[PDB]
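Structural characterization, general
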Amino acid sequence: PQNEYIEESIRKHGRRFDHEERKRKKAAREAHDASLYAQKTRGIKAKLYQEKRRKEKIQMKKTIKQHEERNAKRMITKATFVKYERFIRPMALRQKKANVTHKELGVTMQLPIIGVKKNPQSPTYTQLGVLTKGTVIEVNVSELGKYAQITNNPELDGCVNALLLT
Amino acid sequence: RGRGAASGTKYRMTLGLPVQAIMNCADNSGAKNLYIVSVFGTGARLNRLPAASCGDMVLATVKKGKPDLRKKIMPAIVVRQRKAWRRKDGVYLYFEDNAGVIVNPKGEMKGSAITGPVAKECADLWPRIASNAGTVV
Amino acid sequence: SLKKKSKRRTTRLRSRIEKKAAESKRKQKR
Amino acid sequence: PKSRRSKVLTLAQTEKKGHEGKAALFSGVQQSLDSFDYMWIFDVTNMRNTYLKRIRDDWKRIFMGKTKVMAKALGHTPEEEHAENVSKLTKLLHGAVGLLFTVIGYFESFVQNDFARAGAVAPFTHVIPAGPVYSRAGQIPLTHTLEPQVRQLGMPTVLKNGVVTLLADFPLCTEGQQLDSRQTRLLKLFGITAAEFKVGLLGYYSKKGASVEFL
Amino acid sequence: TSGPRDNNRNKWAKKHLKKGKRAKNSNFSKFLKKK
Amino acid sequence: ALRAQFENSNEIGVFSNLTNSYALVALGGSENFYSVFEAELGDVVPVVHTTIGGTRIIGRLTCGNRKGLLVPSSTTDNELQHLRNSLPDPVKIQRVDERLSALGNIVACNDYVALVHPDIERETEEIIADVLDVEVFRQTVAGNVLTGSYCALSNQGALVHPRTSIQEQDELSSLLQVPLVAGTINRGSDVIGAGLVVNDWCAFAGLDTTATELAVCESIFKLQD
RNA sequence: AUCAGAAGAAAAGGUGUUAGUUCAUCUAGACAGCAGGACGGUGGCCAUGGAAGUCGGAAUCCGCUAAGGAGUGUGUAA
RNA sequence: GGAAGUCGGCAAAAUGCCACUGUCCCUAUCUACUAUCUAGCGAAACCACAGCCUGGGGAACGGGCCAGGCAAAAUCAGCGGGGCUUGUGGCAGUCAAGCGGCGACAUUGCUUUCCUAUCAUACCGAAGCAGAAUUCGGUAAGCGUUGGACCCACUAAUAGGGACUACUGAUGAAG
């Protein structure tokens, strides 16, 4: 069949006989259906409806609020950066780039980790380059050599989210 | 491709050729041997090696044959059987050797003239084989 | 029962409900 | 949390003044009573706003607002009313009646026809022939392109090859029968101007004469 | 596959039982019954 | 010509047989197939609702003409008795105790000339001449011994493999004393006997046969008049 | 309560019920329900095959007013 | 039928890639012995007391306790059984329901038996769903979820998971 064939069929033969009655009644009874859906359902499907109704309630509150306004083992267990290397540093834990967000600019910039300045946890972590919360790290800011503070936990989040010391 | 274009329906009969069995090539397509690797229409019967019978379709490999027909697993119709099977008429039948023909999935056989006797069952089901059969008893 | 669980809280629950309520009150005090 | 009728809301931003609007209508009624002359009592009828716009054009101001609200503002008792003998005038003062300033001859003679309203009696016995629909009772030399009207009619009409067809002869209206809402709506799609706008000039509350007759 | 426990299989089974299909069981017992 | 199918199979040369004197169709399956044959030949020749050896493939299991009909030794006495009762007197019926039971796949015959799979026994050749009253030629079509299935033949024409050479077509037609055509059927199905059934005035082909072939059979078998 | 009842998910949702708190109109007729009007410049302007308030971008103005939003949706190629 | 069983030619068979074979598909039948019963002879380990089951008893919840289900002598032969958690990341700014500076959603920045949470079969609602085929969702565990080295086919589909007494037959005293 060609192009909008059902539209042609609707035009040349009409829609269903009671179609307006069915859709009007469906448009009439969802108010009762919604409350029945909210009171009988249990579990994840309940919880998703719980949060999405709050979404629409807050939204409808804001659009209506706008309205009168219109009317008015010896191994590393944390992320690392690259005898002294007594412990094992996996290539998996190795981190090279960080998401450094400028304070004044307020833009998260992808910057390579030039090095780790100091680890507040222990000097051994700084020597081993163990990335932790509150550890100072220096990165190149030519495209923006500046220090920054980690605002995230690379062990859990898996991404080096840090804020520039500027 | 199983049970496809086989006209009517096949009565139940004894299972003669399990998986990994050797049959003679029955047509003059150029093949000599066929090797059963799988059987069409087998259910989830635990530890049941699928088996073939007259008028059945099986994935077969030309073990002995010209290299062009080899190297391609494809369905084949088992045209004869050595195990004794009873007709619904009551008489019990059996042939000397297990024979099969080389057929495309649609149902048209790839041969031009089949050799020796043909099972009356497969001639009933498969009109294409009945088109290309020499003697059926 | 008639339910999907047991209403009689086993004495472990009767044990640790009150103490965890006590830790909750201590948390508000802190 | 409570079973109640859900209220529909929109964003028209055209809500009426309510009490202020009633006060404005009362002020306009007082000014109309203070107008120069012609002391008319006639505001509206079954005709649409086009007739009212035409009437307002032939004047230099017909307006009534809420009926019996102007009378209440003036006051039925002669003490409250600024006019004379308004006690009987208020009884006659009802419905769509309002003052004007521009008359008697035009109102008596000029009566334009308009589409009928529900409740009246049909001026004739309109009949719709079967087959393809005739918008103007077969006056087209009323096309059959009424694709959406077929679904919007509800009456014995089916769409055959994209053409609305009345399977059985459906009498639209008959003379002497009360015009139902369905009958009036069906007649709206046709050219049935079964109405005539009238006026009321029984009396005139003249400033000096103060003789509002009951003619 | 429609299972023999299906209410509509059971429903149409009923209507077969109300044709000449069961009539050949009603008078069919009447055969012996006059003997 | 007609487009007809048995059950949902186009190979109506397998499931039925047709000559100038009678029509044999399969049993118990589609009586719609019987209706199709009856619709064109019901008032002219008998239409026998038969089986051969308890099978529906009677078309490929028998060979016959307007004069005589042959059946294999595999046919039962009951089915043979059925055929003789239904068939009229002028048609003779015989049991051919012959090497290759499937007579339809090896023998294609008309009222005057028959073509046989060379690998037949001499007594079979003698009885065919005795019964069919035709000259018997032990030749082959397109290099294939199955004359009956690869050579759909009638009184006014014949069809063979498209592969067979032009000189081979001329030899067969001259030895058959009838025009011949190298055509196809059922969209490349080369089993002409198994797809097309022909008498001297009507012909039936599978539903999957395209219009080009149907025009060809109409031309060669001249059914237009 | 279609599995009621005899601190953890918990924050939120329910056209379930009952009480209160703070605002609204109301015999100048409240809410709803109905009949009817719901207009004329104007198919305002770019935008386009066709966009006429309702595919799409800014105002979005005015005459009658008791009211008609350069328009609330459905819808029509329009 | 001849390695498809099994990690596999383990053990037989074939003799003294081909071929043979009950390893398997799938077991069946036959023979001897043990086995059972009878006459005789006749131990020991072990033994607080005993022996039905569900839940609960802070633990270790048990065989005794509690609350239930229940519960009719005596035996014979087999089998040995004994309130966590989930479907939705981290940094920064913006609102702002509101409360007492936070601030909720949103916005912008970068990087054997059982369970249902149902694969198939039954039904159902939606989708540019023309037909066919299919996608998503709902009720649903009645019923299936295969055969060979991540693969390669079959298949409607090859879904994801939890874990002395009893059991099975045989006699049996008695109102």
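Residues numbered from 1 in each chain as written, not as in the entry; some residues may be left out. Chains lettered and ligands numbered in written order. Part of a larger assembly, values for the part shown. Heavy atoms only, no water. Residues with missing side-chain atoms left out of burial classes, pairs and counts.

**Re the overall build of chain B**
Looking only at helices and strands, chain B features two helices and 11 strands. Along the chain direction, N to C, the helices and strands of chain B fall in the order β-β-β-β-β-β-β-β-β-β-α-α-β. Relative to the globule expectation of 14 Å for 137 residues, the C-alpha radius of gyration of chain B, 14 Å, shows essentially globular dimensions. Overall, chain B is about 40 × 40 × 30 Å in size when its C-alpha atoms are taken along their principal axes. The buried share among the 137 residues of chain B stands at 50%. Taking the contacts inside chain B whose residues are at least 6 apart along the sequence as the reference set, 53% of them involve residues at least 24 apart. Counting only carbon and sulfur atoms, one obtains 52% of the accessible surface of chain B, whose full area is about 6800 Å². (Helix = DSSP H or I, 4+ residues; strand = E, 2+ residues; numbered from the N terminus. Rg over C-alpha atoms; globule rule 2.2 N^0.38 Å. Buried < 20%, exposed > 50% of the residue type's maximum accessible area, 1.4 Å probe, protein only. Contact = heavy atoms within 4.5 Å. Areas by Shrake-Rupley, 256 points an atom, 1.4 Å probe, with all protein chains shown as cover.)

**Examining the overall build of chain D**
From N to C terminus, chain D includes seven helices and five strands. Written out in order from the N terminus, the α and β elements of chain D read α-α-α-α-α-β-β-α-β-β-β-α. In terms of overall dimensions, chain D has a C-alpha envelope of 70 × 60 × 30 Å along the principal axes.

**What about the side chain of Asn20 of chain F?**
Residues and elements named next belong to chain F. Among the structural elements, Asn20 can be located in the loop between strand 2 (16-18) and strand 3 (23-25). In this structure the side chain of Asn20 is engaged in a polar contact, spanning 2.9 Å, whose partner is the side chain of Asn155. Within polar-contact distance, the side chain of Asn20 engages the side chain of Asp200 at 2.5 Å. When sequence neighbours within four positions are dropped, the list of residues in contact with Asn20 reads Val45, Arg66, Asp111, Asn155, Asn199, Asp200 and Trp201. (Polar contact = N/O pair within 3.5 Å; in protein donor to acceptor, adjacent residues only side chain to side chain.)

**Section: the interface of chain F and chain B**
Contact with chain F, which involves 27 residues of that partner, is made by 19 residues of chain B. For the side of chain F that touches chain B, the secondary structure elements donating two or more residues are helix 2 (58-61), helix 4 (103-106) and helix 6 (147-150) of chain F.

**Digging into helix 2 (residues 19-40) of chain A**
The end-to-end C-alpha separation of helix 2 of chain A is 29 Å, in line with the 32 Å expected for 22 residues at 1.5 Å each. Maximal helix bending in helix 2 of chain A amounts to about 45°, located at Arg29 of chain A. (Expected span 1.5 Å × (residues − 1). Bend = angle between axes of the 7 residues up to and from the residue.)

**Comments concerning the interface of chain D and chain A**
The extent of an interface is frequently quoted as the accessible surface area lost upon association of the parts. Taken together, the contact pairs seven residues of chain D with six residues of chain A. Residue composition of the side of chain D that touches chain A, by class: three nonpolar, four polar and no charged. (Nonpolar A, V, L, I, M, F, W, Y, C, P; charged D, E, K, R; others polar.)

**Brief notes about the domain arrangement of chain D**
Annotation of chain D at the domain level lists domain 1 (19-109) and domain 2 (120-189). Computed over C-alpha atoms only, the centres of domain 1 of chain D and domain 2 of chain D are separated by 39 Å. (Domains from an automatic or database assignment.)

**Quick look at the pattern of salt bridges**
Note that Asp124 of chain B and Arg56 of chain F form a salt bridge whose closest N and O atoms lie 3.0 Å from each other. Taken together, the residues span two chains, with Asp124 of chain B in helix 1 (residues 120-125) and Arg56 of chain F in the loop between strand 4 (47-49) and helix 2. Across the pair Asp77 of chain F and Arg95 of chain F runs a salt bridge whose closest N-O atoms are separated by 2.6 Å. Of this pair, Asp77 of chain F sits in helix 3 (residues 77-86) while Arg95 of chain F sits in strand 7 (residues 92-96), and the two are 18 residues apart along the sequence. (Salt bridge = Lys/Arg side-chain N within 4 Å of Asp/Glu carboxyl O.)

**Points about the sheet that holds strand 1 (residues 2-3) of chain F**
All names here are of chain F. If you trace the three strands from one edge of the open sheet to the other, you get 1-15-14, paired in mixed fashion. Only two strands of the sheet have a single neighbouring strand rather than two, namely strand 1 and strand 14 (196-198). By the bridge criterion, two bridges tie strand 1 to strand 15 (residues 203-205) in an arrangement that is parallel. Paired with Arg3 across the strands is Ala205, a residue of strand 15. Helix 1 (residues 31-41) rests against strand 1, strand 14 and strand 15 of the sheet, and its axis sits at about 150° to strand 15. (Pairing = 2+ DSSP bridges. Axes fitted to C-alpha atoms, helices over the stretch in contact; angles between N-to-C directions.)

**Concerning the arrangement of the chains**
The protein chains that touch form two pairs of chains, and the pair with the most contacts between them is chains B and F. When C-alpha atoms are compared, chain C and chain E, though not in contact, are closest at a spacing of 29 Å.

**As for the packing of helix 2 of chain A against helix 3 (residues 44-71) of chain A**
All names here are of chain A. Between helix 2 and helix 3, the least distance of the axes is 9 Å, while the angle of their chain directions is 125°. As far as their axial angle goes, helix 3 and helix 2 are oblique. Between helix 2 and helix 3 the crossing geometry is left-handed. Seen from helix 2, the contacting residues are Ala34, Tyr37 and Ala38; seen from helix 3, they are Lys45, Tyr49 and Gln50. Here the contact of helix 2 with helix 3 is composed, by residue class, of four nonpolar, one polar and one charged. (Parallel < 35°, antiparallel > 145°, perpendicular 65-115°, else oblique. Left-handed = near helix turned anticlockwise from the far one by under 90°.)

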